[PDB]
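> an experimental structure, sequence included, is below.
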Amino acid sequence: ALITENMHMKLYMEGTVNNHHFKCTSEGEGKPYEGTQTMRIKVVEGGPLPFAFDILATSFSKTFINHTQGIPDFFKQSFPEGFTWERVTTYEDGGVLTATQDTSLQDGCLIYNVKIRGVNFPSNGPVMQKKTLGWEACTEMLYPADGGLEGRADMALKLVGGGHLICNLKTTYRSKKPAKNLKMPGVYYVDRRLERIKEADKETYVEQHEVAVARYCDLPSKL
């Protein structure tokens with residue numbers, strides 16, 4: 001009842017990639033139970049960024065996942081207290097980007113506070129030379145670990161000319177709600193398609209959309 005059919009969000013983001021500091025803010029809305037959302041983003045400090053904006057995409061919203069098949073919803077359950085997440089994304093060419101995030105609910109609006117720290121993105125690689133074209137769809141595996149959930153995914157970043165640069169995500173999701181007030185899910189999977197809808201001014205304005213649907217494995221079992 002705290003998370004309604006349509007929800008708005010406001011976001012603040014600050015961090016560094018290699019040696020370059022920046023801040024963003026964003027606002028948007030979506031449908032938490034249908035698992036769709038839109039964010040309109042502004043780089044408000046340090047723009048234009050010297051790196052492809054694509055590497056920030058996953059840092060801009062776990063409340064908007066359609067949890068199907070009765071999967072207990074760790075994220076929606078966490079309100080009013082909210083939750084946090086922390087992640088390491090490792091690119092196969094040396095870039096590493098960590099991020100920590102706080103998610104709260106204030107006067108009916110979701111509030112995100114995110115911090116980014118990326119290092120060792122190769123100065124002559126596709127991210128620094130802006131040869132990227134957004135992400136392929138992906139499937140994240142989530143599983144309970146230590147009272148929270150952990151997530152694992154490999155994502156494919158499309159490159160100019162075809163071809164991909166791969167990265168791996170390891171995420172820890174922590175609820176701010178007491179564990180005895182949470183019904184934990186078993187292992188499940190989130191199918192996701194994160195898409196750049198619009199951009200302008202050398203990526204200092206960006207519009208992103210995501211659709212995300214959670215499910216069990218639907219293959220028959222011999223056991």
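Received the coordinates, thanks. Residues are numbered from 1 along each chain as shown.
> residue 221 - how many residues pack around it?
5 (other Cβ atoms under 10 Å). No exception for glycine: its C-beta is placed from N, CA and C like everyone else's.
> may I have the secondary structure class of it?
Here residue 221 is recorded as coil under DSSP: H, G, I helix; E, B strand; the rest coil.
> for the residue positioned nearest the centre of the chain, what are phi and psi?
Centrality entry for the chain: nearest residue to the mean C-alpha point is residue 58, 3.3 Å, by Cα atoms, centre = their mean. Main-chain torsions, residue 58, degrees, to the nearest 10: phi -70, psi -10.
> list the buried ones in stretch 62-82?
Across stretch 62-82, burial judged by 16 or more other Cβ atoms under 10 Å covers 62-67, 71, 73-79, 82.
> let me see the residues that make contact with that stretch.
Contact with stretch 62-82 is made by 2-3, 7, 30-37, 83, 85, 102-105, 110, 148-149, 173, 175-177, 181-185, 188, 190, 210, 212-216, as judged by Cβ atoms under 8 Å, 6 or more residues apart in numbering.
> quick one: terminal-to-terminal distance for that stretch?
Criterion Cα to Cα, to the nearest Å; first-to-last residue distance in stretch 62-82 is 11 Å.
> looks like the residue nearest to the centre of the chain contacts residue 98 (just checking).
No. Using Cβ atoms under 8 Å, residue 58 is not in contact with residue 98; the gap is 11.7 Å.
> and for these two, which residues touch both?
87, 89.
> and the helices in this protein?
Taking DSSP state H as the test, the helices found in the chain are 74-77.
> so where do the strands sit in it?
Assigned by DSSP state E, the chain shows strands spanning 7-17, 20-31, 36-45, 66-67, 83-91, 96-106, 109-119, 132-135, 138-145, 148-159, 164-175, 188-200, 205-215.
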